[PDB]
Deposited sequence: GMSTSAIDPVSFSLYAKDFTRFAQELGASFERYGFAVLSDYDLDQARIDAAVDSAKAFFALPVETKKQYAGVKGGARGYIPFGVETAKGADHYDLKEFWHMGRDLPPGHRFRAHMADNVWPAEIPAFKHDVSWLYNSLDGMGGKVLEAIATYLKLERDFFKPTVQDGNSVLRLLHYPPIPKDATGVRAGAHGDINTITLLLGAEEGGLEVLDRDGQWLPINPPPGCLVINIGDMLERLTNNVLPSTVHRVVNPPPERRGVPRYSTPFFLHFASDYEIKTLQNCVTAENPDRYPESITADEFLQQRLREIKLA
């Protein structure tokens, strides 16, 4: 079962007022929403996924040409080990990260590193860049709904996410002939995160009462969650919630898993200052000192580490 009912993207054009209410209410309750009937070209989503699969199928030494770049913030991250007690013996996953391609001379280049690209997969730059920009665009439309839900101007978020420090992650879990007991519990630090392909993927959100709720959408949906930047902007009216991915069942073991989440971030220089309509007698301002998105990013990374 899924704990969160999908809201059709068809409502974005047909009845935007209802779209914003239903999506917003879901974010406010759970920190998550499920969006069905997206208009993204599925063949081009599938092409990006195929390029990811092709990249991860390359020899290890070929992949490692793209490792050690900016601490893994761009390019490839190989299989590694969790040294902590209680960690599974094997937690094998490999990553590719794509950040924003900035124009020459852009003011953010001093702190946002250039992308690297795998020459061995000729279509990768094109196919994967399309997916980055497609998910960034859909994120903008979701943010319109969030803005309206919050009784803001519909285009409120537009300048706030322009040239945002967003990351498309390509993630692969190879099949291992062994049971775990997948993604340890965490929250996201960014604005919103958009996840394709979560059907029968084991995603769960921690509810307020400490129960884990399955988020198991039908195919052709996006699962979207609030991150800490947006939680902070809204004086915690919209919560950034803890989620995990459980191991597949015995039957689904043996299948490789790929995921391509898009972590949408505010512009680095955007000052996060508490929305005054989220500051009330019962919910006083938790953030009297404002902070830029990049300052907040750096702080959360320091605290995570």
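> Hey, which stretches of the deposited sequence didn't make it into the model?
Gaps in the modelled chain, taken against the deposited sequence, lie at 1-3, 185-186, 311-312.
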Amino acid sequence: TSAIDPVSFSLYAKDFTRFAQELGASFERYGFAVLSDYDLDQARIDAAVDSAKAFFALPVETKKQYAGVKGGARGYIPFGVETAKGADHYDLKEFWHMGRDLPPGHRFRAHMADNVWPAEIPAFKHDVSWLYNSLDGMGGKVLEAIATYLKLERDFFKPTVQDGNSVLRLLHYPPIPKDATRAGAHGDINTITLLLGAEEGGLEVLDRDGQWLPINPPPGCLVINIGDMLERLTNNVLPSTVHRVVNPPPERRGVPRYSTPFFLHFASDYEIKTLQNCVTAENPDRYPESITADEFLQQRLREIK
From here on, numbers count along this sequence of modelled residues.
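> Look over 210-218 and 97-105 in the entry and identify the one with the greater average Cα temperature factor.
According to the PDB entry, the answer is 210-218.
> Can you tell me which stretch has the higher mean Cα B-factor, 266-274 or 44-52?
Result: 44-52.
> Compare the CA B factors listed in the entry for 111, 141, 158, 182 and report the winner.
Out of 111, 141, 158, 182, the record gives the largest C-alpha B-factor to 182.
> What third of the chain, by the recorded C-alpha B-factor, contains residue 154?
CA B-factor rank for residue 154: middle third.
> Taking the entry's C-alpha B-factors for this chain, is residue 198 in the lowest, middle or highest third?
According to the entry, residue 198 has a C-alpha B-factor in the chain's middle third.
> Please place residue 169 in the lowest, middle or highest third of its chain by C-alpha B factor as given in the entry.
It belongs to the lowest third of the chain when residues are ordered by C-alpha B-factor.
> Should residue 74 be placed in the lowest, middle or highest third of its chain by the C-alpha B factor in the entry?
Answer is lowest: the recorded C-alpha B-factor places it there.
> Ranking the modelled residues of this chain by C-alpha B-factor as given in the entry, is residue 31 in the lowest, middle or highest third?
Ranked within chain, residue 31 CA B lands in the lowest tercile.
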